[PDB]
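K.L.:
My structure file run.cif, mmCIF, C-alpha atoms and all ligand atoms, is below:
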```cif
data_data
loop_
_atom_site.group_PDB
_atom_site.id
_atom_site.type_symbol
_atom_site.label_atom_id
_atom_site.label_comp_id
_atom_site.auth_asym_id
_atom_site.auth_seq_id
_atom_site.Cartn_x
_atom_site.Cartn_y
_atom_site.Cartn_z
ATOM 1 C CA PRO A 1 9.618 91.176 -149.728
ATOM 2 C CA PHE A 2 7.515 92.825 -147.017
ATOM 3 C CA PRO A 3 8.958 94.356 -143.772
ATOM 4 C CA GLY A 4 7.833 91.556 -141.423
ATOM 5 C CA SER A 5 6.329 94.166 -139.046
ATOM 6 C CA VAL A 6 3.032 93.615 -140.946
ATOM 7 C CA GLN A 7 1.801 91.520 -138.015
ATOM 8 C CA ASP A 8 1.920 94.314 -135.379
ATOM 9 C CA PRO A 9 -1.716 95.470 -134.846
ATOM 10 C CA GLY A 10 -2.649 98.770 -136.377
ATOM 11 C CA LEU A 11 -2.631 99.996 -139.934
ATOM 12 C CA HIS A 12 -0.276 99.408 -142.784
ATOM 13 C CA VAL A 13 -0.590 101.036 -146.122
ATOM 14 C CA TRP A 14 1.803 100.563 -148.913
ATOM 15 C CA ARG A 15 1.699 102.450 -152.152
ATOM 16 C CA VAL A 16 2.692 99.786 -154.739
ATOM 17 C CA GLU A 17 5.624 101.690 -156.277
ATOM 18 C CA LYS A 18 6.533 99.564 -159.182
ATOM 19 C CA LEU A 19 6.994 96.000 -158.145
ATOM 20 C CA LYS A 20 7.867 96.853 -154.619
ATOM 21 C CA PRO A 21 5.387 97.840 -151.880
ATOM 22 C CA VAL A 22 6.374 101.180 -150.193
ATOM 23 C CA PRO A 23 4.940 101.986 -146.680
ATOM 24 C CA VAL A 24 3.420 105.428 -146.497
ATOM 25 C CA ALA A 25 4.866 107.790 -143.900
ATOM 26 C CA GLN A 26 2.281 107.713 -141.054
ATOM 27 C CA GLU A 27 1.388 111.355 -141.882
ATOM 28 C CA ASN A 28 0.832 110.736 -145.578
ATOM 29 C CA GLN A 29 -1.598 107.936 -144.845
ATOM 30 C CA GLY A 30 -5.050 109.035 -146.013
ATOM 31 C CA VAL A 31 -3.823 110.478 -149.251
ATOM 32 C CA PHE A 32 -3.463 108.265 -152.269
ATOM 33 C CA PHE A 33 -1.718 109.331 -155.513
ATOM 34 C CA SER A 34 -4.376 108.113 -157.984
ATOM 35 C CA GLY A 35 -1.905 106.775 -160.552
ATOM 36 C CA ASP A 36 -0.823 104.028 -158.204
ATOM 37 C CA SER A 37 -2.526 101.141 -156.349
ATOM 38 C CA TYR A 38 -2.024 100.643 -152.643
ATOM 39 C CA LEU A 39 -2.285 97.974 -150.042
ATOM 40 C CA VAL A 40 -3.733 98.713 -146.669
ATOM 41 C CA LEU A 41 -3.911 96.345 -143.846
ATOM 42 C CA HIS A 42 -5.674 96.790 -140.529
ATOM 43 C CA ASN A 43 -5.668 94.103 -137.848
ATOM 44 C CA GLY A 44 -7.046 94.263 -134.308
ATOM 45 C CA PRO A 45 -5.238 92.926 -131.179
ATOM 46 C CA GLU A 46 -7.861 90.036 -131.186
ATOM 47 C CA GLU A 47 -10.066 91.248 -134.077
ATOM 48 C CA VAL A 48 -9.820 89.825 -137.694
ATOM 49 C CA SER A 49 -7.546 91.301 -140.368
ATOM 50 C CA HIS A 50 -8.709 92.770 -143.632
ATOM 51 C CA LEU A 51 -6.201 93.535 -146.353
ATOM 52 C CA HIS A 52 -7.697 95.746 -148.949
ATOM 53 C CA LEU A 53 -6.058 96.718 -152.100
ATOM 54 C CA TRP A 54 -6.680 100.306 -153.179
ATOM 55 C CA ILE A 55 -6.730 100.953 -156.819
ATOM 56 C CA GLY A 56 -6.436 104.452 -158.181
ATOM 57 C CA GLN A 57 -8.637 105.725 -160.989
ATOM 58 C CA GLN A 58 -5.516 106.443 -162.977
ATOM 59 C CA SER A 59 -3.881 103.289 -161.705
ATOM 60 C CA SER A 60 -2.849 100.966 -164.471
ATOM 61 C CA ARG A 61 -5.240 98.164 -165.523
ATOM 62 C CA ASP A 62 -2.094 96.113 -164.868
ATOM 63 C CA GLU A 63 -0.505 98.117 -161.999
ATOM 64 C CA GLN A 64 -3.630 96.636 -160.388
ATOM 65 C CA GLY A 65 -2.724 93.039 -161.065
ATOM 66 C CA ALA A 66 0.807 93.690 -159.909
ATOM 67 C CA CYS A 67 -0.649 95.012 -156.642
ATOM 68 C CA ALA A 68 -3.280 92.198 -156.270
ATOM 69 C CA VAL A 69 -0.557 89.682 -156.754
ATOM 70 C CA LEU A 70 1.417 91.422 -153.978
ATOM 71 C CA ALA A 71 -1.739 91.240 -151.945
ATOM 72 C CA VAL A 72 -1.416 87.435 -152.360
ATOM 73 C CA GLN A 73 2.226 87.184 -151.430
ATOM 74 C CA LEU A 74 1.090 89.042 -148.314
ATOM 75 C CA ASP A 75 -2.142 87.082 -147.714
ATOM 76 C CA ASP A 76 0.398 84.257 -147.370
ATOM 77 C CA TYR A 77 3.054 85.739 -144.902
ATOM 78 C CA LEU A 78 -0.164 85.706 -142.833
ATOM 79 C CA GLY A 79 -1.485 82.805 -144.843
ATOM 80 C CA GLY A 80 -5.037 83.072 -146.328
ATOM 81 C CA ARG A 81 -5.881 84.719 -142.938
ATOM 82 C CA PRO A 82 -6.323 88.362 -144.090
ATOM 83 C CA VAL A 83 -9.592 89.263 -145.734
ATOM 84 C CA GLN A 84 -9.495 90.575 -149.236
ATOM 85 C CA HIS A 85 -11.373 93.517 -150.607
ATOM 86 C CA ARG A 86 -10.946 95.366 -153.870
ATOM 87 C CA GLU A 87 -11.311 99.179 -153.248
ATOM 88 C CA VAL A 88 -11.648 101.372 -156.350
ATOM 89 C CA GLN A 89 -11.238 105.111 -155.936
ATOM 90 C CA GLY A 90 -14.529 106.974 -156.027
ATOM 91 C CA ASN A 91 -16.437 104.022 -154.600
ATOM 92 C CA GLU A 92 -14.406 102.718 -151.623
ATOM 93 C CA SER A 93 -15.776 100.520 -148.833
ATOM 94 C CA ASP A 94 -17.844 101.827 -145.933
ATOM 95 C CA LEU A 95 -15.188 99.878 -144.117
ATOM 96 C CA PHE A 96 -12.175 101.177 -146.055
ATOM 97 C CA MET A 97 -13.279 104.652 -145.069
ATOM 98 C CA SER A 98 -13.327 103.430 -141.414
ATOM 99 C CA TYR A 99 -9.546 103.566 -141.419
ATOM 100 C CA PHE A 100 -9.596 107.268 -142.209
ATOM 101 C CA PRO A 101 -10.911 109.991 -139.808
ATOM 102 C CA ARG A 102 -11.009 113.328 -141.601
ATOM 103 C CA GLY A 103 -11.347 111.628 -145.007
ATOM 104 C CA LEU A 104 -9.602 110.707 -148.250
ATOM 105 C CA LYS A 105 -7.510 112.961 -150.327
ATOM 106 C CA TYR A 106 -7.111 111.548 -153.766
ATOM 107 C CA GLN A 107 -4.265 113.326 -155.560
ATOM 108 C CA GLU A 108 -3.349 113.303 -159.266
ATOM 109 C CA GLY A 109 -0.455 114.043 -161.514
ATOM 110 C CA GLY A 110 1.854 116.585 -159.893
ATOM 111 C CA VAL A 111 4.964 115.472 -158.003
ATOM 112 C CA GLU A 112 5.771 113.049 -155.156
ATOM 113 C CA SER A 113 5.434 114.585 -151.661
ATOM 114 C CA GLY A 114 8.498 115.990 -149.911
ATOM 115 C CA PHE A 115 9.661 116.810 -153.430
ATOM 116 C CA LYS A 116 12.612 119.255 -153.090
ATOM 117 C CA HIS A 117 14.329 121.510 -155.662
ATOM 118 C CA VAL A 118 17.961 120.586 -155.537
ATOM 119 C CA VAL A 119 20.015 123.765 -156.336
ATOM 120 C CA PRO A 120 23.695 122.936 -157.269
ATOM 121 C CA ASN A 121 25.409 125.687 -155.324
ATOM 122 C CA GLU A 122 29.069 125.937 -156.385
ATOM 123 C CA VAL A 123 31.786 126.184 -153.794
ATOM 124 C CA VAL A 124 34.971 128.186 -153.793
ATOM 125 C CA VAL A 125 38.044 126.285 -153.059
ATOM 126 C CA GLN A 126 40.665 128.512 -151.589
ATOM 127 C CA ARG A 127 43.976 127.025 -152.544
ATOM 128 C CA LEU A 128 47.572 127.985 -152.007
ATOM 129 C CA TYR A 129 50.436 126.892 -154.273
ATOM 130 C CA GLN A 130 54.114 127.254 -153.537
ATOM 131 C CA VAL A 131 55.691 128.230 -156.850
ATOM 132 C CA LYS A 132 59.141 126.961 -157.626
ATOM 133 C CA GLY A 133 61.391 126.654 -160.672
ATOM 134 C CA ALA A 134 64.306 128.576 -162.232
ATOM 135 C CA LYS A 135 63.468 127.542 -165.812
ATOM 136 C CA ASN A 136 60.355 125.420 -165.537
ATOM 137 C CA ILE A 137 57.396 126.796 -163.572
ATOM 138 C CA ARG A 138 55.625 124.494 -161.165
ATOM 139 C CA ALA A 139 53.161 125.683 -158.590
ATOM 140 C CA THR A 140 52.373 123.011 -155.953
ATOM 141 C CA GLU A 141 49.217 122.996 -153.801
ATOM 142 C CA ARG A 142 50.163 123.546 -150.155
ATOM 143 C CA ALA A 143 47.901 123.969 -147.189
ATOM 144 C CA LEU A 144 46.409 127.516 -146.611
ATOM 145 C CA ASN A 145 48.353 127.904 -143.363
ATOM 146 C CA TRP A 146 51.278 130.261 -142.585
ATOM 147 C CA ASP A 147 53.192 127.052 -141.589
ATOM 148 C CA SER A 148 53.401 126.721 -145.434
ATOM 149 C CA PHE A 149 55.185 129.955 -146.360
ATOM 150 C CA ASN A 150 58.954 130.357 -146.417
ATOM 151 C CA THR A 151 60.769 133.715 -146.999
ATOM 152 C CA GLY A 152 62.787 132.893 -150.094
ATOM 153 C CA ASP A 153 59.859 131.763 -152.241
ATOM 154 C CA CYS A 154 56.698 133.125 -153.870
ATOM 155 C CA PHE A 155 53.174 131.717 -153.391
ATOM 156 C CA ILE A 156 49.836 132.045 -155.139
ATOM 157 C CA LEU A 157 46.635 132.275 -153.144
ATOM 158 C CA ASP A 158 43.594 131.443 -155.196
ATOM 159 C CA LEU A 159 40.811 132.797 -152.973
ATOM 160 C CA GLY A 160 38.491 132.668 -155.907
ATOM 161 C CA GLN A 161 37.333 136.213 -156.666
ATOM 162 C CA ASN A 162 40.844 137.460 -155.677
ATOM 163 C CA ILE A 163 44.301 135.886 -156.307
ATOM 164 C CA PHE A 164 47.634 136.855 -154.774
ATOM 165 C CA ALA A 165 51.224 136.381 -155.602
ATOM 166 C CA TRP A 166 52.729 136.833 -152.210
ATOM 167 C CA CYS A 167 56.513 137.221 -152.436
ATOM 168 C CA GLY A 168 59.112 136.034 -149.984
ATOM 169 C CA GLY A 169 61.286 138.803 -148.809
ATOM 170 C CA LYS A 170 64.424 136.909 -149.631
ATOM 171 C CA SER A 171 63.241 135.784 -153.068
ATOM 172 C CA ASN A 172 64.145 137.118 -156.567
ATOM 173 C CA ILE A 173 62.527 139.607 -158.744
ATOM 174 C CA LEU A 174 62.621 136.834 -161.353
ATOM 175 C CA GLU A 175 61.011 134.461 -158.916
ATOM 176 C CA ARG A 176 58.374 137.212 -158.393
ATOM 177 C CA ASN A 177 57.420 137.573 -162.015
ATOM 178 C CA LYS A 178 57.034 133.855 -162.539
ATOM 179 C CA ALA A 179 54.558 133.952 -159.632
ATOM 180 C CA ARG A 180 52.573 136.824 -161.110
ATOM 181 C CA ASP A 181 52.584 135.195 -164.564
ATOM 182 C CA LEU A 182 51.263 131.875 -163.362
ATOM 183 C CA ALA A 183 48.625 133.537 -161.195
ATOM 184 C CA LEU A 184 47.811 135.929 -163.864
ATOM 185 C CA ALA A 185 46.894 132.813 -165.937
ATOM 186 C CA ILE A 186 44.793 131.327 -163.161
ATOM 187 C CA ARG A 187 42.512 134.438 -163.495
ATOM 188 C CA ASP A 188 42.699 134.681 -167.211
ATOM 189 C CA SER A 189 41.840 131.013 -168.003
ATOM 190 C CA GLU A 190 40.360 129.222 -164.937
ATOM 191 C CA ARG A 191 38.510 132.379 -163.862
ATOM 192 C CA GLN A 192 37.982 133.075 -167.615
ATOM 193 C CA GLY A 193 38.949 136.650 -166.749
ATOM 194 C CA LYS A 194 36.695 137.798 -163.867
ATOM 195 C CA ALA A 195 38.864 137.851 -160.726
ATOM 196 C CA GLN A 196 41.405 140.407 -159.419
ATOM 197 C CA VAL A 197 45.166 139.675 -159.098
ATOM 198 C CA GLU A 198 47.544 141.619 -156.734
ATOM 199 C CA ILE A 199 51.212 141.052 -156.196
ATOM 200 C CA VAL A 200 52.005 140.978 -152.569
ATOM 201 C CA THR A 201 55.317 141.562 -150.853
ATOM 202 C CA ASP A 202 56.096 139.710 -147.726
ATOM 203 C CA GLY A 203 55.042 141.938 -144.866
ATOM 204 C CA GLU A 204 52.482 144.007 -146.684
ATOM 205 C CA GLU A 205 49.785 141.401 -146.667
ATOM 206 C CA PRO A 206 46.289 142.788 -147.474
ATOM 207 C CA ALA A 207 43.353 142.237 -145.108
ATOM 208 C CA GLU A 208 41.962 139.256 -147.034
ATOM 209 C CA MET A 209 45.269 137.427 -146.764
ATOM 210 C CA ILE A 210 45.071 137.811 -142.981
ATOM 211 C CA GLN A 211 41.317 137.118 -142.964
ATOM 212 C CA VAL A 212 42.010 133.609 -144.230
ATOM 213 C CA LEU A 213 45.462 132.808 -142.767
ATOM 214 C CA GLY A 214 44.983 134.708 -139.552
ATOM 215 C CA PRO A 215 47.765 136.580 -137.684
ATOM 216 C CA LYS A 216 50.993 136.448 -139.572
ATOM 217 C CA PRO A 217 53.807 135.052 -137.369
ATOM 218 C CA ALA A 218 57.452 134.721 -138.281
ATOM 219 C CA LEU A 219 58.453 132.633 -141.320
ATOM 220 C CA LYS A 220 61.326 130.264 -142.031
ATOM 221 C CA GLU A 221 64.231 130.467 -144.456
ATOM 222 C CA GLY A 222 64.014 126.999 -146.045
ATOM 223 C CA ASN A 223 66.320 123.938 -145.337
ATOM 224 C CA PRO A 224 66.103 120.438 -143.417
ATOM 225 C CA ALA A 225 53.302 108.496 -145.374
ATOM 226 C CA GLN A 226 50.297 109.973 -143.385
ATOM 227 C CA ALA A 227 47.774 111.274 -145.988
ATOM 228 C CA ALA A 228 45.580 112.782 -143.238
ATOM 229 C CA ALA A 229 44.419 116.296 -144.389
ATOM 230 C CA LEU A 230 42.356 118.947 -142.489
ATOM 231 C CA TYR A 231 39.942 121.141 -144.466
ATOM 232 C CA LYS A 232 37.400 123.735 -143.393
ATOM 233 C CA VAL A 233 33.928 124.513 -144.570
ATOM 234 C CA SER A 234 32.379 127.912 -143.840
ATOM 235 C CA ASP A 235 30.085 130.324 -145.626
ATOM 236 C CA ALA A 236 31.150 132.915 -143.128
ATOM 237 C CA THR A 237 32.477 134.969 -146.060
ATOM 238 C CA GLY A 238 28.897 135.224 -147.306
ATOM 239 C CA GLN A 239 29.995 132.404 -149.593
ATOM 240 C CA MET A 240 30.782 128.687 -149.118
ATOM 241 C CA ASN A 241 34.445 128.039 -149.318
ATOM 242 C CA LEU A 242 36.431 124.932 -148.845
ATOM 243 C CA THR A 243 39.923 125.525 -147.540
ATOM 244 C CA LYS A 244 42.682 123.043 -146.813
ATOM 245 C CA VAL A 245 43.815 124.350 -143.436
ATOM 246 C CA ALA A 246 46.451 121.599 -142.846
ATOM 247 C CA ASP A 247 48.196 118.587 -144.393
ATOM 248 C CA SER A 248 50.920 117.300 -141.987
ATOM 249 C CA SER A 249 49.600 114.875 -139.383
ATOM 250 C CA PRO A 250 50.010 116.230 -135.835
ATOM 251 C CA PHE A 251 47.246 118.887 -136.446
ATOM 252 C CA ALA A 252 47.319 122.045 -134.398
ATOM 253 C CA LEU A 253 44.084 122.148 -132.361
ATOM 254 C CA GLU A 254 43.823 125.929 -132.686
ATOM 255 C CA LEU A 255 43.042 125.120 -136.365
ATOM 256 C CA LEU A 256 39.473 124.248 -135.545
ATOM 257 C CA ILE A 257 36.755 126.992 -135.615
ATOM 258 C CA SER A 258 33.792 126.619 -133.321
ATOM 259 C CA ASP A 259 31.885 128.413 -136.083
ATOM 260 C CA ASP A 260 32.478 126.144 -139.017
ATOM 261 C CA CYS A 261 32.545 122.503 -139.997
ATOM 262 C CA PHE A 262 35.714 120.740 -140.830
ATOM 263 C CA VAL A 263 36.470 117.511 -142.581
ATOM 264 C CA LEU A 264 39.323 115.318 -141.547
ATOM 265 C CA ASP A 265 40.261 113.317 -144.609
ATOM 266 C CA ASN A 266 41.835 109.922 -143.696
ATOM 267 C CA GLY A 267 40.028 107.681 -146.204
ATOM 268 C CA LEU A 268 43.315 106.343 -147.466
ATOM 269 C CA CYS A 269 43.704 104.403 -144.303
ATOM 270 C CA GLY A 270 40.056 104.195 -143.266
ATOM 271 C CA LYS A 271 37.476 106.772 -142.346
ATOM 272 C CA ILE A 272 36.763 110.395 -143.200
ATOM 273 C CA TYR A 273 35.496 112.549 -140.295
ATOM 274 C CA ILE A 274 33.295 115.546 -140.244
ATOM 275 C CA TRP A 275 33.580 117.819 -137.184
ATOM 276 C CA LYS A 276 30.729 120.217 -136.462
ATOM 277 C CA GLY A 277 31.198 123.232 -134.178
ATOM 278 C CA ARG A 278 28.334 124.372 -131.911
ATOM 279 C CA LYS A 279 27.881 127.565 -133.875
ATOM 280 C CA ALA A 280 28.451 126.114 -137.332
ATOM 281 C CA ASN A 281 25.239 126.389 -139.442
ATOM 282 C CA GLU A 282 23.550 123.652 -141.554
ATOM 283 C CA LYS A 283 24.658 124.683 -145.030
ATOM 284 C CA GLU A 284 28.032 124.048 -143.415
ATOM 285 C CA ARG A 285 26.763 120.670 -142.176
ATOM 286 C CA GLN A 286 25.010 119.907 -145.468
ATOM 287 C CA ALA A 287 28.123 120.868 -147.380
ATOM 288 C CA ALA A 288 30.763 119.226 -145.152
ATOM 289 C CA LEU A 289 29.107 115.898 -145.913
ATOM 290 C CA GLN A 290 29.041 116.628 -149.653
ATOM 291 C CA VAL A 291 32.774 117.436 -149.606
ATOM 292 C CA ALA A 292 33.434 114.141 -147.813
ATOM 293 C CA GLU A 293 31.821 112.635 -151.030
ATOM 294 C CA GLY A 294 34.058 114.508 -153.435
ATOM 295 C CA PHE A 295 37.006 113.326 -151.317
ATOM 296 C CA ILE A 296 36.264 109.587 -151.771
ATOM 297 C CA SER A 297 35.103 110.228 -155.335
ATOM 298 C CA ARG A 298 38.067 112.262 -156.625
ATOM 299 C CA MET A 299 40.817 110.413 -154.695
ATOM 300 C CA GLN A 300 39.036 107.154 -155.725
ATOM 301 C CA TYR A 301 38.959 106.082 -152.077
ATOM 302 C CA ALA A 302 38.021 102.599 -150.941
ATOM 303 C CA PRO A 303 34.281 102.177 -151.561
ATOM 304 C CA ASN A 304 33.389 101.226 -147.953
ATOM 305 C CA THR A 305 35.160 104.270 -146.477
ATOM 306 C CA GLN A 306 33.177 105.501 -143.520
ATOM 307 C CA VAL A 307 32.297 109.191 -142.951
ATOM 308 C CA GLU A 308 31.877 109.532 -139.225
ATOM 309 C CA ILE A 309 30.280 112.809 -138.183
ATOM 310 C CA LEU A 310 31.682 114.093 -134.759
ATOM 311 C CA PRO A 311 29.994 117.003 -132.907
ATOM 312 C CA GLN A 312 32.049 119.395 -130.915
ATOM 313 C CA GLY A 313 32.832 118.338 -127.385
ATOM 314 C CA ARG A 314 31.745 114.850 -128.292
ATOM 315 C CA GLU A 315 34.832 113.989 -130.435
ATOM 316 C CA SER A 316 36.079 110.384 -130.717
ATOM 317 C CA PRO A 317 39.457 109.378 -129.103
ATOM 318 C CA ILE A 318 40.724 108.587 -132.600
ATOM 319 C CA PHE A 319 39.760 111.881 -134.135
ATOM 320 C CA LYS A 320 42.165 113.375 -131.679
ATOM 321 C CA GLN A 321 45.110 112.938 -134.035
ATOM 322 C CA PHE A 322 46.046 116.559 -133.205
ATOM 323 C CA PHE A 323 49.380 117.586 -131.593
ATOM 324 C CA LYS A 324 48.964 117.927 -127.843
ATOM 325 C CA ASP A 325 46.461 115.397 -126.701
ATOM 326 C CA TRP A 326 43.127 116.820 -127.207
HETATM 327 EU EU EU B 1 1.062 104.066 -161.895
HETATM 328 EU EU EU B 2 30.081 129.657 -139.959
#
```
Output the file's structure as structure tokens, nothing else.
Ligand SMILES: [Eu+3]
Ligand SMILES: [Eu+3]
P.N.:
Amino acid sequence: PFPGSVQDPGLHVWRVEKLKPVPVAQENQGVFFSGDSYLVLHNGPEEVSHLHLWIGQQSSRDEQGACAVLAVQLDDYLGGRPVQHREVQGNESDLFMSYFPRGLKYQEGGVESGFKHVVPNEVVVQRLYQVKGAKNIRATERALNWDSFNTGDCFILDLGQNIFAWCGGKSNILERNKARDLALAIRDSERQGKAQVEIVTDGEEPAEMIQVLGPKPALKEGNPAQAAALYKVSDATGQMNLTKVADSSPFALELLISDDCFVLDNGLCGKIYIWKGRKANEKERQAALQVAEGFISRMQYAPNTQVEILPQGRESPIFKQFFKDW
């Protein structure tokens, strides 16, 4: 199971991983982890072809055979043609060395190159629920958008470190306490205690409320399938938050911040997009992709759902499933 590019003149080195031959990034060539065996092949545009097998000092007495065998399977995709040489570390071939300018760098133990230290960095999901219930208390997740508030109801805004029980002007005092009670839980249990709560009266919204929702406009009183949902990813707040900016389909374009990444969830019927603003940073990029994951994962979306990344300016005619034709 070789690439089939093995014919192209030049050099090919594969570190025999386990059973599979892995081609060494052109930079990494010249350095051989000594616990593995490698295969290196050099062939001139008219010259012969020598396929040497490099065996590390700490390379298994067997890992060797495995590799030699693989040499064979390859001798054959070229058929008996390549020349075979057994190169042992510490006594390579005056020819083997010919493939390497500066010299060899035998490594040992330690960790694979490009080895990174993945740091699970939690994210704060800012959520807004619209409480409702005379007897029975049920807070429903709404989108964190003023288009969500009404004046005769209470709402809870879980902004992580701080929670708010904003209270409709035309809502009850009873309705108000239910809100505070529920939200008081949210800090007590889910926050395990560390997080501030503050009851808010319509009108008197604190900075933070406006810092997330924006400029408060007028609100409605209250009486009258497209799963698409718009979320935003920004660490602007010195911390990475995920916020569900909208959940009805004709999305208001204003919604989109040139400074953050967004994720347009539509996996239900297809793809999940990730829009990147010019000024959005990479943690935002890194993270918007990772949230696209959690979206297919948690909602158990079709396996083959595609996550098409769209840069600002260069948005796809489909993505424009926002109100006035974008
Ligand atoms: Eu080994
Ligand atoms: Eu930003």
K.L.:
Pick out the residues no farther than 6 Å from ligand EU 1 (chain B), counting all atoms listed in the file, and list them as a ChimeraX atom specification.
P.N.:
/A:35-36,59-60
K.L.:
Which is closer to residue A:7 than all the others in A:48, A:124, A:299, A:174, using only C-alpha atoms?
P.N.:
A:48
K.L.:
List every residue of chain A that has an atom at most 6 Å from any atom of ligand EU 2 (chain B), and for each one report the closest atom pair and its distance in Å to one decimal, counting only C-alpha atoms and all ligand atoms, with rows sorted by chain and then by increasing residue number, as a Markdown table.
P.N.:
```
| residue | atom | partner | partner_atom | distance |
| --- | --- | --- | --- | --- |
| A:234 | CA | B:EU2 | EU | 4.8 |
| A:235 | CA | B:EU2 | EU | 5.7 |
| A:236 | CA | B:EU2 | EU | 4.7 |
| A:259 | CA | B:EU2 | EU | 4.5 |
| A:260 | CA | B:EU2 | EU | 4.4 |
| A:280 | CA | B:EU2 | EU | 4.7 |
| A:281 | CA | B:EU2 | EU | 5.9 |
```
K.L.:
Do you have the atom CA of residue A:68-atom CA of residue A:33 distance handy?
P.N.:
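Going from atom CA of residue A:68 over to atom CA of residue A:33 covers 17.2 Å.
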K.L.:
Which is closer to residue A:106 than all the others in A:11, A:274, A:307, A:31, using all atoms listed in the file?
P.N.:
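Comparing A:11, A:274, A:307, A:31 against residue A:106, the winner is A:31.
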K.L.:
With the PyMOL selection byres (((chain A and resi 201) around 9) and not hetatm) as the selection, what would be picked from this file? Answer as a PyMOL selection string, please.
P.N.:
chain A and resi 165-169+199-200+202-205
K.L.:
Excluding residue A:136 and any residue of its chain fewer than 3 positions from it, enumerate the residues within 12 Å of it, using all atoms listed in the file, and give them as a ChimeraX atom specification.
P.N.:
/A:131-133,139,175,178-179,182
K.L.:
Using the selection just defined, write its residues with C-alpha atoms as a tab-separated table (two decimals), in the coordinates of the input.
P.N.:
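Output below, filename selection32.tsv:
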```
chain	number	residue	atom	x	y	z
A	131	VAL	CA	55.69	128.23	-156.85
A	132	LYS	CA	59.14	126.96	-157.63
A	133	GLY	CA	61.39	126.65	-160.67
A	139	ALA	CA	53.16	125.68	-158.59
A	175	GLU	CA	61.01	134.46	-158.92
A	178	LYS	CA	57.03	133.85	-162.54
A	179	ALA	CA	54.56	133.95	-159.63
A	182	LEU	CA	51.26	131.88	-163.36
```
